[PDB]
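One chain is shown next in structure tokens, namely the form deposited in one PDB entry.
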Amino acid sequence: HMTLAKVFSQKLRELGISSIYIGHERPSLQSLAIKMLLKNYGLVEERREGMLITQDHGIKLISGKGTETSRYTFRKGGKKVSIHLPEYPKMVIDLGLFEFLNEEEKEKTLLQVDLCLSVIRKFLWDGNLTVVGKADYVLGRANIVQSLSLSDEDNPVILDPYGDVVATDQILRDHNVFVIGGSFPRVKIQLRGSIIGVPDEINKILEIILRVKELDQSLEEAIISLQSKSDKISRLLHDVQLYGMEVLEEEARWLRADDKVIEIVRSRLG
């Protein structure tokens, strides 16, 4: 779809603005826009000089002292830019069954939901995240609702590792609402025919989907980038039981698996 950084940059050019003095802020449009949306930060109209730090989506981000010309500086208290924030995608986490679980289980689930905020703010913004079915929960500007209300422009899918619809670049790309649990299609992410090795963690699933949608990355590469040592180990082990040792070496270069992983997988066999 569109990242917050991209929408921000298109509005900025329209007005006529292609340089910002950022002073002491992380020099990324995403970060700057998030900050503007969440704090009293904004743009102040002032003429300043600097050197380039970067050229994000075509906008010269300035600081320090040099010879690059800013007409606008990003400052605590400046004026907001007004940007049609992307309605989509909407990432929904369902906490319906939440009080089936153990105390220790609830603390793990919620820690995982907490980390979603950081993922959502890496591409979109808090508004694109919704949590359903727990009303005392508060996660920055996430929507916190008791039940999910569907609109005509919503085209949703349920992420379910026991689903009957295998996920695909196109299927993730052609949908815009995604429900991840604590009557639409129930969609299962596999690695290469299998669910084994696929990260289990709510915040990792969410990040896999966004990588595919916002960065134009493949599902395979997305999954692999987000695996833990344990995901790789468990998958190599499985596949060596299946296909034998000839598989090990090459399937480790593909899983991008490091020495420690391969060491361990050897050590389990002999």
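Superpose the two forms; the largest set of C-alphas matching within 1.5 Å is the rigid core. Don't overthink the numbering: it's just position in the shown sequence, from 1.
Form deposited in another entry: not shown, discussed below.
Novice: Establish whether a shift of 2 Å or more occurs at the C-alpha of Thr73 between the shown form and the other one, with the two forms superposed on the rigid core.
Specialist: Yes, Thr73 moves 2 Å or more.
Novice: Spell out whether the Cα of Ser63 moves at least 2 Å between the shown form and the other one when the two forms are superposed on their rigid core.
Specialist: Yes, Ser63 moves 2 Å or more.
Novice: Quick check on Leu32: with the core superposed, does its CA move 2 angstroms or more between the shown form and the other one?
Specialist: Yes: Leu32 shifts by at least 2 Å between the shown form and the other one.
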